[PDB]
Structure formats: C-alpha cells, structure tokens
2 protein chains.
Amino acid sequence: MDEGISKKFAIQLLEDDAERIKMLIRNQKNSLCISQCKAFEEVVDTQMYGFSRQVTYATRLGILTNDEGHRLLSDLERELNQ
Amino acid sequence: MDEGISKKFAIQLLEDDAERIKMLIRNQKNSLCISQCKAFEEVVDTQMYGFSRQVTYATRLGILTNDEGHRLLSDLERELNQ
C-alpha cells in the first residue's frame, strides 16, 4: 500500500531533523559565548590591577597613609570574595 | 600651601575610582554570563538526545535499517568532534 509514502516521508523528515541538530551543534562549537565571558573577566582584572597600582603609588608618595592604602585594597579584596 | 587641595582631590578621586572598580566586580560577580552559555549548551544536548531517541525508535520500527540509523548517529557524533 502507498504508505511507502509515509516511510519515505518519515525518512526525509528524520534527515532534515538531523540537519537541524547539526546546525545547533555548529552554532554551539562556533559560539564565542564562554570566550566572551572570559574576555570580560579579563577586562575587570586589568581595570582592578591598574587602579590598585595607583593606590600603591599614592601610598608611596604619602598621599595615602599605609592604613588608608591597605583599607582600599582590603575593600577590593572583600568585594572579590563576595 | 593648599595643594592640600590637590591632596584632597587625589584622595577623593581614588575613593570614587574604588567605587567604579567595585561596581565592575559586582557586575561580573552578578554575571549570569557563564550560566547563560551553559544553559544553551544544555538546550542543544536535550535537542540532540530527543532526536537521537527518534532515530533509534525509527530503526526499531524498520523505518530505518540498522546501518541507516547508525549512520545518522555517527554523523551527529562526528559533528560533536567537528
């Protein structure tokens, strides 16, 4: 019985579905997703480091006292660990 | 001399800069960034598993021969390894 029609249909549907799943897999492996999260993390580290360098420099110069300098770094440190 | 003006300015700039750095840290510690990447990864796995379940079901029914069924799964497997 023509229902060879249904089998033929089911088979090409499955093949076309495979393509859709392969596209998903490609969009995954080609994602910049994690990489983008890590790049942002890197910006923050560098921003934090450059500012902290300045707190230290201000302390060397006597613009901050040692405790003042240490309190600022301690606040950054405290932020970092929640 | 004031210049005590400059020192006063430098100290408050350093404090305000500290707030900008803490804002960055908070904004990254509150990042749902990695989570969102992993969530999508999870959608893809589930999409692929559901389809794969159907390839298997079709093979059981005789709609695909065993080699056909195995080929499709083998193609998805290949994509997963690029």
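As a basis for the values below, the full set of heavy atoms in this structure was taken, side chains included, without hydrogen atoms, waters or symmetry mates. Quick note on labels: first sequence line is chain A, next is B, and so on, each numbered from 1.
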Short donor-acceptor contacts under 3.5 Å linking chain A with chain B:
{"unit_1": "A:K7", "atom_1": "NZ", "unit_2": "B:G62", "atom_2": "O", "d": "3.3"}
{"unit_1": "A:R26", "atom_1": "NE", "unit_2": "B:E79", "atom_2": "OE2", "d": "3.0"}
{"unit_1": "A:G62", "atom_1": "O", "unit_2": "B:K7", "atom_2": "NZ", "d": "3.4"}
{"unit_1": "A:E79", "atom_1": "OE2", "unit_2": "B:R26", "atom_2": "NE", "d": "3.2"}

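Under the 4.5 Å side-chain heavy-atom criterion for grouping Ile, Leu, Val, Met, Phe, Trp and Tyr, B:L13 is not connected to A:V55 through any hydrophobic cluster. In terms of hydrophobic clustering, with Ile, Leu, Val, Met, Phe, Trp and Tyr side chains grouped at heavy-atom distances under 4.5 Å, A:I5 and A:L14 are assigned to different clusters. Cluster membership for B:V43 and A:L32, using ILVMFWY side-chain heavy atoms within less than 4.5 angstrom, is not shared. Under a hydrophobic clustering in which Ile, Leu, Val, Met, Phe, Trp and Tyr are joined whenever their side-chain heavy atoms come within less than 4.5 Å, directly or via other members, B:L73 and A:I11 fall into the same cluster. Taken together through direct or relayed side-chain contacts under 4.5 Å among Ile, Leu, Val, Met, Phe, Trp and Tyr, B:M23 and A:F40 form parts of separate hydrophobic clusters.
For A:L72, the part sitting under 4.5 Å from any heavy atom of chain B is the side chain, from C-beta outward, and nothing else. Using a 4.5 Å cut-off between heavy atoms, B:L64 touches chain A through its side chain atoms alone.
A:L76 approaches B:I25 most closely through the heavy-atom pair O-CD1, 4.3 Å.
Per the SG-SG cut-off, A:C37 and B:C37 are not bridged by a disulfide [distance not under 2.5 Å].
Counting only heavy atoms from C-beta outward, the side chains of A:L24 and B:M48 never approach each other to under 4.5 Å.
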